[PDB]
Amino acid sequence: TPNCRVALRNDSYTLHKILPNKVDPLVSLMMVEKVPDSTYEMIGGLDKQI
Amino acid sequence: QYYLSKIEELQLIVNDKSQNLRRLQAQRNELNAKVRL
Amino acid sequence: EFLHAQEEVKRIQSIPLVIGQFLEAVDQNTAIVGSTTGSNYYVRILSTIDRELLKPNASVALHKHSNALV
Amino acid sequence: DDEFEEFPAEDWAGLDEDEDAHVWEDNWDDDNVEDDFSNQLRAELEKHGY
Amino acid sequence: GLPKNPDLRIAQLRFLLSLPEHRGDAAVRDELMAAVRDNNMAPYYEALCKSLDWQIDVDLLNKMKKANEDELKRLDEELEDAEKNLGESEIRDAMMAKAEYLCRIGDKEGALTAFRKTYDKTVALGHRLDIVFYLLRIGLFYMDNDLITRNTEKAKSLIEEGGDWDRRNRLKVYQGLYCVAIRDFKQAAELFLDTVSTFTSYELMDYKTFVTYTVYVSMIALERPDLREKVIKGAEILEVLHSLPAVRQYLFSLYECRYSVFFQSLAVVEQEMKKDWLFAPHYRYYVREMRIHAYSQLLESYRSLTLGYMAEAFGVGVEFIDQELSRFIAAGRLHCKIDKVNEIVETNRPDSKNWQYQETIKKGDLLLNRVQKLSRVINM
Amino acid sequence: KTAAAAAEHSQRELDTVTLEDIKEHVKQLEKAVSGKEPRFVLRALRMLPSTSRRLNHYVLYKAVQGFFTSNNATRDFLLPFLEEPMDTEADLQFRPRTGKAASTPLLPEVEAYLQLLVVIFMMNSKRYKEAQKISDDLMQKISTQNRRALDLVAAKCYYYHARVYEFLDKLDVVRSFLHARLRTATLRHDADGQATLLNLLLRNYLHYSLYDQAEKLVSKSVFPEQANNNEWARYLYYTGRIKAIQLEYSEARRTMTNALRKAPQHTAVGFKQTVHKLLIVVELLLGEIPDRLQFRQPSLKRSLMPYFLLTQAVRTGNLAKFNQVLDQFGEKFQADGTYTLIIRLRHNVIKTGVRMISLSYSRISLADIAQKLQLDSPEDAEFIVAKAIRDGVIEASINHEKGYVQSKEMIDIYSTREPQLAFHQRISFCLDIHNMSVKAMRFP
């Protein structure tokens, strides 16, 4: 499966086990964010705008 | 056949004692295989 | 004999260790570590040491030539 | 399951009150009878004169 | 939380009128003065034992009780019939008013019924905390140790887990269970030195009464280690001892180890505890335990202190001190022996090694008993 | 009529439930015969008394006539002996054995069980002659059939047989049966049967106070360690009681506390009462102050309140008060059989007080101890301290000048080692635990 982590070998570097994600946990937060809740119920006073 | 029954009871005791005796040896051998691995 | 063998196989050397920081315990009998010079590689975790001090991102010790979790 | 009534089961026929109805733990001395200590100390003061 | 506190006062007045017959003139006066008020007819089935069957207010007082209870009952009926307010609504406080009527006016039975009803009805955090507090207060009122234990158990188990900064409002009476019982040695103190009162003067009848409970509990608790840095260092402690000179007097007498004033002050302390419903250690831990600690403190760092001189250094009546020492040695403490032919107190203090060795062999005996019981458990 | 009919229908339904319990027992023996496993037999015998408290003559006759599809001596014996009620509207489909099941002969185990169940049912009905006849038939059948699994049954069968004969007052006559089955159990290595028979024999010697013969037999009869917990508890309690009569005091206290711990805590109410009284009396004679936490026993308050006053009198050293309370409520002490010991404590109160005051004091005057314990005589005080020192209970010595007594000393070579010496049986316990595991790690 692409875009995941794997284990390799010493010299031939053959595959050992397709490891879970390591790229995502390390650099999850650079300048972006995933989905928060902040639901529209908290949004008030701007109903005529929303 | 009553001394046969007594010898059978002795054999039963030996078998019961040998059960865990063999099991302990097998599991300790498994532990040694695990540490060698 | 088996008690002798059990107390004999429990040598595990572990005197001349080196430091390369652990990343995280992915599972038991598998792991991923990052050495001091980088070179992040997947390793095998022995059962001698475990969660009791296996906190996620703490500096750990590794064998001199084996880089294994000690 | 049996209650072993064969042994003489003389249940306590009072059924009136629990003397230590609370969790108080008694001691062999705690149940001696005296006029507490205040009166005894008063008598001591009196026999000494004050 | 103010209610059930004047109720606590009337309960203590009933105690003082009933248990000590020495207080049978002023106790009658205070009981009457606080029972003709507070609407005491339903809470008079207890008062009939000491005084007359019913004081001469029957018609007016019963009319007042019935009128007030009927008005609150009508209000509750209106809220629970004309309006379908359920759960998170004002019916909860309506039933709280019902319970307040049934408690402050009526007997404890209807109050407990209304409480349990609304507890099973609504399980909100604030409502549950309030009702747990009310149940604890009414239990400590009517001396239902079973109810006190029940509410303490549920509160310490789950109720206090949900919600914070209110355990600081509740521990002062949650440890009253240990206070009223014999366990005034370790747990009551450890959770009771906290000088964070839910009210400036409430719950335990005052902050001064709270402090007196603290002083009694600590005196039962320990003798004189860094108690200077545990309670004496307490600035509020020193202030309240300034407020109460005699209390400061015996506390400083124990701290200074001056037995001549200590024994008189300790007798005064026991007399005061008699006038108190928290008198559970009537023969164990009023004065005998405190003087066991004091005598341990005294004869330790001593080897052979003469009976005649320790008697005048500890009051008077050489024979009185001799019989006290004999009785307490028979009780088990006061690790020493008496040379009667020479009238000497030859102590036997074990070394650190010796005494701790003895403790280990005692615990080895207990745990051999335990493991023998467990060997009984196995093979059956 | 509706309420009475509903009550009768409900009680008949519970009778059918008990019949299904007995049918479950029969299936349990079918499985036990198939698997050669007496442990599940032990489970059946454990579960029988739980349902034993509610049976009915009619449902017993139902079970008899159902299980005995093939004609057999058990049915022929139960037909006149078991007196079922009149006609009942409730009937069940009685056809458990058909074809090969009816052709096969009856199982000796289930035969012993039907016999024991009939004798327990007769005793529940408060009948004696029919119960004794059924029990005699049971012992006869068990003697005639020589299978290994039967003697394990025979243990509890003989137990309850002699319990019945005790009510019959044949507890003297049943001794020949007890000894004969003891010889058979010795031949067959039936440790459980041996334990049961010695327990019954000891209860016989208790009921006749035959304590000299009881001690002479106990001192030579080896009791199985791996026996049943209840039989072990009964034997150990009887041994402790007879040692207490024999003045074997340390052994008595050890055995009585061991028996109390071995008895089930939830049950054995009479056994518990007896052990509380035994410990109170014996430990008060010893001067070992009775356990205060035992007074919180919910089933012994009235019996221990005079025992509490006896403890207080033992501590104080007074005589008249406890003599009065013995004259008041000493009949139960006589029934328990400790009244001779009761008077012995009444006159050894001074010994116990002397021990306690000697532990209290270093050099106490003989005049002072006489005044304290109401001797009023220097010579009597000297004699008492002499008797205490020769008994070795205390270290108080005599100096005919004034009554000197030595004090203690710092710890020596063996004073730190006696705990480890007396406690290093921990590894013995560990090894017996490991051996029990080795015995009880069967894989299938």
# chains A, B, ... in the order shown; residues from 1 in each chain; ligands from 1
>>> interface_residues(of="chain F", to="chain D", cutoff="9 Å", atoms="only C-alpha atoms", output="PyMOL selection string")
chain F and resi 46-51+163+266-274+289-290+292-293+296+298-303+311-312+315+336
>>> interface_residues(of="chain E", to="chain F", cutoff="7 Å", atoms="only C-alpha atoms", output="VMD selection string")
chain E and resid 329 to 330 337 to 341 361 373 376 380
>>> write_last_selection(atoms="N, CA, C and O atoms", output="mmCIF file, in the first residue's frame")
data_model
loop_
_atom_site.group_PDB
_atom_site.id
_atom_site.type_symbol
_atom_site.label_atom_id
_atom_site.label_comp_id
_atom_site.auth_asym_id
_atom_site.auth_seq_id
_atom_site.Cartn_x
_atom_site.Cartn_y
_atom_site.Cartn_z
ATOM 1 N N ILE E 329 -0.413 -0.267 82.650
ATOM 2 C CA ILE E 329 0.484 -1.362 82.299
ATOM 3 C C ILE E 329 -0.314 -2.637 82.067
ATOM 4 O O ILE E 329 -0.034 -3.404 81.137
ATOM 5 N N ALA E 330 -1.328 -2.879 82.902
ATOM 6 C CA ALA E 330 -2.223 -4.006 82.661
ATOM 7 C C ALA E 330 -2.960 -3.843 81.339
ATOM 8 O O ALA E 330 -3.185 -4.823 80.619
ATOM 9 N N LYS E 337 8.024 -1.418 83.990
ATOM 10 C CA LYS E 337 7.626 -2.242 85.117
ATOM 11 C C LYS E 337 7.832 -1.453 86.401
ATOM 12 O O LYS E 337 8.544 -0.443 86.430
ATOM 13 N N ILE E 338 7.194 -1.921 87.470
ATOM 14 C CA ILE E 338 7.183 -1.220 88.747
ATOM 15 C C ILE E 338 7.902 -2.079 89.777
ATOM 16 O O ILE E 338 7.505 -3.224 90.027
ATOM 17 N N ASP E 339 8.958 -1.526 90.365
ATOM 18 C CA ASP E 339 9.649 -2.136 91.497
ATOM 19 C C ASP E 339 8.950 -1.650 92.759
ATOM 20 O O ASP E 339 9.255 -0.569 93.276
ATOM 21 N N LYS E 340 7.994 -2.441 93.249
ATOM 22 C CA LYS E 340 7.179 -2.008 94.378
ATOM 23 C C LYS E 340 7.960 -1.993 95.684
ATOM 24 O O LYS E 340 7.762 -1.089 96.505
ATOM 25 N N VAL E 341 8.845 -2.971 95.898
ATOM 26 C CA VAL E 341 9.618 -3.011 97.134
ATOM 27 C C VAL E 341 10.517 -1.792 97.271
ATOM 28 O O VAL E 341 10.893 -1.426 98.390
ATOM 29 N N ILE E 361 7.731 -9.736 64.185
ATOM 30 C CA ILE E 361 7.278 -11.061 64.601
ATOM 31 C C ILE E 361 5.773 -11.064 64.853
ATOM 32 O O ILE E 361 5.095 -12.062 64.576
ATOM 33 N N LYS E 373 -5.183 -19.854 57.018
ATOM 34 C CA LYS E 373 -6.557 -19.751 56.534
ATOM 35 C C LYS E 373 -6.621 -19.981 55.029
ATOM 36 O O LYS E 373 -7.545 -20.631 54.526
ATOM 37 N N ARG E 376 -6.313 -23.535 54.288
ATOM 38 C CA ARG E 376 -7.652 -24.090 54.440
ATOM 39 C C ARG E 376 -8.488 -23.854 53.188
ATOM 40 O O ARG E 376 -9.218 -24.745 52.739
ATOM 41 N N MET E 380 -9.963 -28.177 49.159
ATOM 42 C CA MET E 380 -11.307 -28.422 49.671
ATOM 43 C C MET E 380 -12.336 -28.351 48.545
ATOM 44 O O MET E 380 -12.112 -27.712 47.516
#
>>> select_by_dssp(residues="chain A", states="alpha helix (DSSP H)", output="PyMOL selection string")
chain A and resi 23-26
>>> atom_distance(atom1="CA of residue 234 in chain E", atom2="CA of residue 188 in chain E")
17.7 Å
>>> closest_atom_pairs(of="chain C", to="chain A", cutoff="10 Å", atoms="only C-alpha atoms", output="JSON lines")
{"residue": "C:23", "atom": "CA", "partner": "A:22", "partner_atom": "CA", "distance": 9.4}
{"residue": "C:24", "atom": "CA", "partner": "A:22", "partner_atom": "CA", "distance": 9.8}
{"residue": "C:26", "atom": "CA", "partner": "A:20", "partner_atom": "CA", "distance": 7.8}
{"residue": "C:27", "atom": "CA", "partner": "A:19", "partner_atom": "CA", "distance": 9.9}
{"residue": "C:30", "atom": "CA", "partner": "A:19", "partner_atom": "CA", "distance": 9.5}
{"residue": "C:31", "atom": "CA", "partner": "A:19", "partner_atom": "CA", "distance": 9.3}
{"residue": "C:32", "atom": "CA", "partner": "A:7", "partner_atom": "CA", "distance": 9.0}
{"residue": "C:41", "atom": "CA", "partner": "A:7", "partner_atom": "CA", "distance": 7.5}
{"residue": "C:42", "atom": "CA", "partner": "A:7", "partner_atom": "CA", "distance": 5.8}
{"residue": "C:43", "atom": "CA", "partner": "A:7", "partner_atom": "CA", "distance": 8.7}
>>> write_last_selection(atoms="N, CA and C atoms", output="JSON list (two decimals), in the first residue's frame")
[["chain", "number", "residue", "atom", "x", "y", "z"],
["C", 23, "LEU", "N", 11.30, 5.66, 18.76],
["C", 23, "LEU", "CA", 10.16, 6.41, 18.23],
["C", 23, "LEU", "C", 8.88, 6.02, 18.95],
["C", 24, "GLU", "N", 8.49, 4.74, 18.86],
["C", 24, "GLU", "CA", 7.28, 4.25, 19.49],
["C", 24, "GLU", "C", 7.19, 2.73, 19.36],
["C", 26, "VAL", "N", 5.32, 0.05, 18.10],
["C", 26, "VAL", "CA", 4.23, -0.24, 17.17],
["C", 26, "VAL", "C", 3.45, -1.46, 17.64],
["C", 27, "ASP", "N", 4.16, -2.52, 18.01],
["C", 27, "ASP", "CA", 3.57, -3.72, 18.58],
["C", 27, "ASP", "C", 4.58, -4.36, 19.53],
["C", 30, "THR", "N", 8.05, -5.99, 17.69],
["C", 30, "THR", "CA", 8.37, -5.08, 16.60],
["C", 30, "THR", "C", 8.44, -3.67, 17.16],
["C", 31, "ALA", "N", 9.26, -2.83, 16.52],
["C", 31, "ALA", "CA", 9.41, -1.45, 16.98],
["C", 31, "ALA", "C", 10.11, -0.65, 15.90],
["C", 32, "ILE", "N", 10.20, 0.66, 16.13],
["C", 32, "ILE", "CA", 10.92, 1.57, 15.24],
["C", 32, "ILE", "C", 11.70, 2.56, 16.10],
["C", 41, "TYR", "N", 15.38, 3.05, 11.69],
["C", 41, "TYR", "CA", 15.18, 1.70, 11.19],
["C", 41, "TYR", "C", 14.26, 0.95, 12.15],
["C", 42, "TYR", "N", 13.59, -0.06, 11.61],
["C", 42, "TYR", "CA", 12.69, -0.88, 12.40],
["C", 42, "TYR", "C", 13.48, -1.99, 13.08],
["C", 43, "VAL", "N", 13.18, -2.24, 14.35],
["C", 43, "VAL", "CA", 13.94, -3.16, 15.17],
["C", 43, "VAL", "C", 12.99, -4.14, 15.84]]
>>> residues_around(residues="range 64-68 of chain C", least_positions_apart="3", cutoff="10 Å", atoms="only C-alpha atoms", output="list in words")
residues 14, 15, 16, 17, 18, 19, 20, 31, 33, 34, 35, 41, 42, 43, 44, 45, 46 and 61 of chain C
>>> closest_atom_pairs(of="chain B", to="chain C", cutoff="8 Å", atoms="only C-alpha atoms", output="tab-separated table")
residue	atom	partner	partner_atom	distance
B:25	CA	C:2	CA	7.4
B:28	CA	C:2	CA	6.8
B:29	CA	C:2	CA	7.6
B:32	CA	C:6	CA	6.6
B:35	CA	C:9	CA	7.1
B:36	CA	C:9	CA	7.8
>>> atom_distance(atom1="CA of residue 192 in chain E", atom2="CA of residue 176 in chain E")
8.9 Å
>>> residues_around(residues="residue 2 in chain B", least_positions_apart="5", cutoff="10 Å", atoms="only C-alpha atoms", output="VMD selection string")
(chain B and resid 7 to 8) or (chain F and resid 146 148 187 to 188)
>>> write_last_selection(atoms="N, CA, C and O atoms", output="mmCIF file, in the first residue's frame")
data_model
loop_
_atom_site.group_PDB
_atom_site.id
_atom_site.type_symbol
_atom_site.label_atom_id
_atom_site.label_comp_id
_atom_site.auth_asym_id
_atom_site.auth_seq_id
_atom_site.Cartn_x
_atom_site.Cartn_y
_atom_site.Cartn_z
ATOM 1 N N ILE B 7 -2.278 -51.658 42.545
ATOM 2 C CA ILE B 7 -1.251 -51.279 41.580
ATOM 3 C C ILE B 7 -1.804 -50.276 40.576
ATOM 4 O O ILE B 7 -1.095 -49.358 40.149
ATOM 5 N N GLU B 8 -3.075 -50.420 40.190
ATOM 6 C CA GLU B 8 -3.684 -49.452 39.289
ATOM 7 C C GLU B 8 -3.787 -48.079 39.943
ATOM 8 O O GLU B 8 -3.576 -47.058 39.284
ATOM 9 N N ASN F 146 -18.461 -54.522 45.456
ATOM 10 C CA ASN F 146 -17.078 -54.184 45.771
ATOM 11 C C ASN F 146 -16.427 -53.321 44.691
ATOM 12 O O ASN F 146 -15.264 -53.531 44.342
ATOM 13 N N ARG F 148 -14.817 -49.752 43.253
ATOM 14 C CA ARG F 148 -13.972 -48.732 43.871
ATOM 15 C C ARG F 148 -14.749 -47.448 44.145
ATOM 16 O O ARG F 148 -14.608 -46.843 45.214
ATOM 17 N N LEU F 187 -8.882 -52.114 54.406
ATOM 18 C CA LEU F 187 -8.547 -53.013 53.306
ATOM 19 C C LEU F 187 -8.542 -52.283 51.968
ATOM 20 O O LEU F 187 -7.648 -52.493 51.141
ATOM 21 N N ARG F 188 -9.526 -51.417 51.739
ATOM 22 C CA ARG F 188 -9.714 -50.795 50.434
ATOM 23 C C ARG F 188 -9.050 -49.428 50.309
ATOM 24 O O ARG F 188 -9.216 -48.776 49.272
#
>>> closest_atom_pairs(of="chain D", to="chain E", cutoff="7 Å", atoms="only C-alpha atoms", output="Markdown table")
| residue | atom | partner | partner_atom | distance |
| --- | --- | --- | --- | --- |
| D:24 | CA | E:182 | CA | 5.7 |
| D:29 | CA | E:331 | CA | 6.1 |
| D:30 | CA | E:284 | CA | 5.1 |
| D:36 | CA | E:283 | CA | 6.8 |
| D:37 | CA | E:267 | CA | 6.8 |
| D:38 | CA | E:267 | CA | 4.9 |
| D:44 | CA | E:317 | CA | 6.1 |
| D:48 | CA | E:316 | CA | 6.7 |
>>> write_last_selection(atoms="C-alpha atoms", output="PDB file, in the first residue's frame")
ATOM      1  CA  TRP D  24     -16.866   1.026  67.758  1.00  0.00           C
ATOM      2  CA  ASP D  29     -10.079  -2.321  79.565  1.00  0.00           C
ATOM      3  CA  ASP D  30     -12.624  -0.096  77.780  1.00  0.00           C
ATOM      4  CA  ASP D  36     -14.542   8.131  84.701  1.00  0.00           C
ATOM      5  CA  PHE D  37     -11.531  10.320  85.546  1.00  0.00           C
ATOM      6  CA  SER D  38     -12.842  13.826  86.291  1.00  0.00           C
ATOM      7  CA  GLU D  44      -7.383  13.381  94.444  1.00  0.00           C
ATOM      8  CA  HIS D  48      -4.286  16.543  98.779  1.00  0.00           C
TER       9      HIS D  48
END
>>> interface_residues(of="chain B", to="chain F", cutoff="9 Å", atoms="only C-alpha atoms", output="list in words")
residues 2, 5, 6, 13, 15, 16, 17, 18, 19, 20, 21 and 23 of chain B
>>> write_last_selection(atoms="N, CA, C and O atoms", output="PDB file, in the first residue's frame")
ATOM      1  N   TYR B   2      -7.554 -57.536  43.554  1.00  0.00           N
ATOM      2  CA  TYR B   2      -7.581 -56.370  44.431  1.00  0.00           C
ATOM      3  C   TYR B   2      -6.196 -55.748  44.552  1.00  0.00           C
ATOM      4  O   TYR B   2      -6.058 -54.519  44.601  1.00  0.00           O
ATOM      5  N   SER B   5      -5.967 -53.773  41.646  1.00  0.00           N
ATOM      6  CA  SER B   5      -6.567 -52.460  41.858  1.00  0.00           C
ATOM      7  C   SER B   5      -5.609 -51.523  42.585  1.00  0.00           C
ATOM      8  O   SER B   5      -5.528 -50.332  42.264  1.00  0.00           O
ATOM      9  N   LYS B   6      -4.883 -52.040  43.577  1.00  0.00           N
ATOM     10  CA  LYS B   6      -3.923 -51.207  44.296  1.00  0.00           C
ATOM     11  C   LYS B   6      -2.795 -50.748  43.376  1.00  0.00           C
ATOM     12  O   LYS B   6      -2.389 -49.577  43.405  1.00  0.00           O
ATOM     13  N   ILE B  13      -1.604 -42.536  40.469  1.00  0.00           N
ATOM     14  CA  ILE B  13      -0.843 -41.506  41.172  1.00  0.00           C
ATOM     15  C   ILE B  13       0.372 -41.094  40.350  1.00  0.00           C
ATOM     16  O   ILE B  13       0.664 -39.898  40.198  1.00  0.00           O
ATOM     17  N   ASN B  15       0.772 -41.346  37.114  1.00  0.00           N
ATOM     18  CA  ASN B  15       0.325 -40.613  35.934  1.00  0.00           C
ATOM     19  C   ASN B  15      -0.055 -39.178  36.276  1.00  0.00           C
ATOM     20  O   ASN B  15       0.292 -38.245  35.541  1.00  0.00           O
ATOM     21  N   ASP B  16      -0.776 -38.982  37.382  1.00  0.00           N
ATOM     22  CA  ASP B  16      -1.176 -37.636  37.778  1.00  0.00           C
ATOM     23  C   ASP B  16       0.041 -36.774  38.077  1.00  0.00           C
ATOM     24  O   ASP B  16       0.096 -35.600  37.692  1.00  0.00           O
ATOM     25  N   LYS B  17       1.032 -37.344  38.764  1.00  0.00           N
ATOM     26  CA  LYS B  17       2.248 -36.591  39.056  1.00  0.00           C
ATOM     27  C   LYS B  17       3.050 -36.317  37.789  1.00  0.00           C
ATOM     28  O   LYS B  17       3.657 -35.249  37.649  1.00  0.00           O
ATOM     29  N   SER B  18       3.070 -37.270  36.855  1.00  0.00           N
ATOM     30  CA  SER B  18       3.788 -37.100  35.600  1.00  0.00           C
ATOM     31  C   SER B  18       3.113 -36.120  34.651  1.00  0.00           C
ATOM     32  O   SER B  18       3.792 -35.583  33.773  1.00  0.00           O
ATOM     33  N   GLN B  19       1.808 -35.878  34.800  1.00  0.00           N
ATOM     34  CA  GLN B  19       1.138 -34.908  33.936  1.00  0.00           C
ATOM     35  C   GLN B  19       1.826 -33.549  33.999  1.00  0.00           C
ATOM     36  O   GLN B  19       2.436 -33.101  33.019  1.00  0.00           O
ATOM     37  N   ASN B  20       1.769 -32.894  35.161  1.00  0.00           N
ATOM     38  CA  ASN B  20       2.399 -31.587  35.294  1.00  0.00           C
ATOM     39  C   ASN B  20       3.909 -31.686  35.189  1.00  0.00           C
ATOM     40  O   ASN B  20       4.561 -30.716  34.803  1.00  0.00           O
ATOM     41  N   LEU B  21       4.484 -32.842  35.523  1.00  0.00           N
ATOM     42  CA  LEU B  21       5.922 -33.009  35.364  1.00  0.00           C
ATOM     43  C   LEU B  21       6.337 -32.874  33.905  1.00  0.00           C
ATOM     44  O   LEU B  21       7.322 -32.193  33.598  1.00  0.00           O
ATOM     45  N   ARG B  23       4.387 -31.409  31.583  1.00  0.00           N
ATOM     46  CA  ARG B  23       3.948 -30.094  31.121  1.00  0.00           C
ATOM     47  C   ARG B  23       4.953 -29.009  31.492  1.00  0.00           C
ATOM     48  O   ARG B  23       5.233 -28.111  30.690  1.00  0.00           O
TER      49      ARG B  23
END
>>> residues_around(residues="residue 162 in chain F", least_positions_apart="3", cutoff="9 Å", atoms="only C-alpha atoms", output="PyMOL selection string")
chain F and resi 157-159+165-167+170-171+174-175+177-178+197+200-201
>>> residues_around(residues="residue 198 in chain E", least_positions_apart="5", cutoff="12 Å", atoms="only C-alpha atoms", output="list in words")
residues 1, 2, 133, 165, 166, 167, 168, 169, 170, 171, 172, 173, 203, 204, 206, 207 and 210 of chain E
>>> write_last_selection(atoms="N, CA and C atoms", output="PDB file, in the first residue's frame")
ATOM      1  N   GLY E   1     -27.177  25.505  52.770  1.00  0.00           N
ATOM      2  CA  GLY E   1     -26.932  24.392  53.668  1.00  0.00           C
ATOM      3  C   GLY E   1     -27.206  24.725  55.122  1.00  0.00           C
ATOM      4  N   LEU E   2     -27.670  25.951  55.360  1.00  0.00           N
ATOM      5  CA  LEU E   2     -27.976  26.379  56.723  1.00  0.00           C
ATOM      6  C   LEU E   2     -28.988  25.489  57.438  1.00  0.00           C
ATOM      7  N   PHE E 133     -25.908  16.026  50.304  1.00  0.00           N
ATOM      8  CA  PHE E 133     -25.583  16.868  51.448  1.00  0.00           C
ATOM      9  C   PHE E 133     -26.731  16.898  52.447  1.00  0.00           C
ATOM     10  N   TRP E 165     -14.373  21.116  43.833  1.00  0.00           N
ATOM     11  CA  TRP E 165     -14.473  22.308  44.670  1.00  0.00           C
ATOM     12  C   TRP E 165     -15.697  22.279  45.573  1.00  0.00           C
ATOM     13  N   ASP E 166     -16.414  21.160  45.633  1.00  0.00           N
ATOM     14  CA  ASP E 166     -17.523  20.978  46.555  1.00  0.00           C
ATOM     15  C   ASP E 166     -17.205  19.905  47.588  1.00  0.00           C
ATOM     16  N   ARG E 167     -16.301  18.982  47.251  1.00  0.00           N
ATOM     17  CA  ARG E 167     -15.708  18.120  48.264  1.00  0.00           C
ATOM     18  C   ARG E 167     -15.037  18.938  49.356  1.00  0.00           C
ATOM     19  N   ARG E 168     -14.455  20.089  49.003  1.00  0.00           N
ATOM     20  CA  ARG E 168     -13.956  21.004  50.023  1.00  0.00           C
ATOM     21  C   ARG E 168     -15.086  21.614  50.835  1.00  0.00           C
ATOM     22  N   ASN E 169     -16.299  21.628  50.292  1.00  0.00           N
ATOM     23  CA  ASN E 169     -17.469  22.104  51.009  1.00  0.00           C
ATOM     24  C   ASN E 169     -18.145  20.998  51.805  1.00  0.00           C
ATOM     25  N   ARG E 170     -17.716  19.749  51.618  1.00  0.00           N
ATOM     26  CA  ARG E 170     -18.404  18.606  52.198  1.00  0.00           C
ATOM     27  C   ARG E 170     -17.558  17.765  53.147  1.00  0.00           C
ATOM     28  N   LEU E 171     -16.226  17.790  53.041  1.00  0.00           N
ATOM     29  CA  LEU E 171     -15.416  16.878  53.845  1.00  0.00           C
ATOM     30  C   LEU E 171     -15.557  17.183  55.329  1.00  0.00           C
ATOM     31  N   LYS E 172     -15.805  18.449  55.672  1.00  0.00           N
ATOM     32  CA  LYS E 172     -15.896  18.851  57.070  1.00  0.00           C
ATOM     33  C   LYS E 172     -17.006  18.123  57.813  1.00  0.00           C
ATOM     34  N   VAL E 173     -18.019  17.634  57.103  1.00  0.00           N
ATOM     35  CA  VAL E 173     -19.104  16.887  57.728  1.00  0.00           C
ATOM     36  C   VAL E 173     -19.070  15.443  57.246  1.00  0.00           C
ATOM     37  N   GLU E 203     -22.837  24.314  59.652  1.00  0.00           N
ATOM     38  CA  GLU E 203     -22.554  22.883  59.643  1.00  0.00           C
ATOM     39  C   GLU E 203     -22.284  22.371  61.053  1.00  0.00           C
ATOM     40  N   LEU E 204     -21.044  22.482  61.519  1.00  0.00           N
ATOM     41  CA  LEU E 204     -20.710  22.039  62.873  1.00  0.00           C
ATOM     42  C   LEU E 204     -20.842  23.175  63.884  1.00  0.00           C
ATOM     43  N   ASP E 206     -20.390  26.099  64.365  1.00  0.00           N
ATOM     44  CA  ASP E 206     -19.489  27.242  64.437  1.00  0.00           C
ATOM     45  C   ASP E 206     -18.209  26.869  63.703  1.00  0.00           C
ATOM     46  N   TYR E 207     -17.354  27.871  63.506  1.00  0.00           N
ATOM     47  CA  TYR E 207     -15.955  27.595  63.218  1.00  0.00           C
ATOM     48  C   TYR E 207     -15.179  27.311  64.499  1.00  0.00           C
ATOM     49  N   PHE E 210     -15.806  23.760  65.214  1.00  0.00           N
ATOM     50  CA  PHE E 210     -14.955  23.056  64.259  1.00  0.00           C
ATOM     51  C   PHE E 210     -13.524  22.951  64.774  1.00  0.00           C
TER      52      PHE E 210
END
>>> residues_around(residues="range 379-390 of chain F", least_positions_apart="4", cutoff="8 Å", atoms="only C-alpha atoms", output="ChimeraX atom specification")
/F:351,354-355,366-367,369-370,375,394-398,403
>>> atom_distance(atom1="CA of residue 256 in chain F", atom2="CA of residue 241 in chain F")
7.8 Å
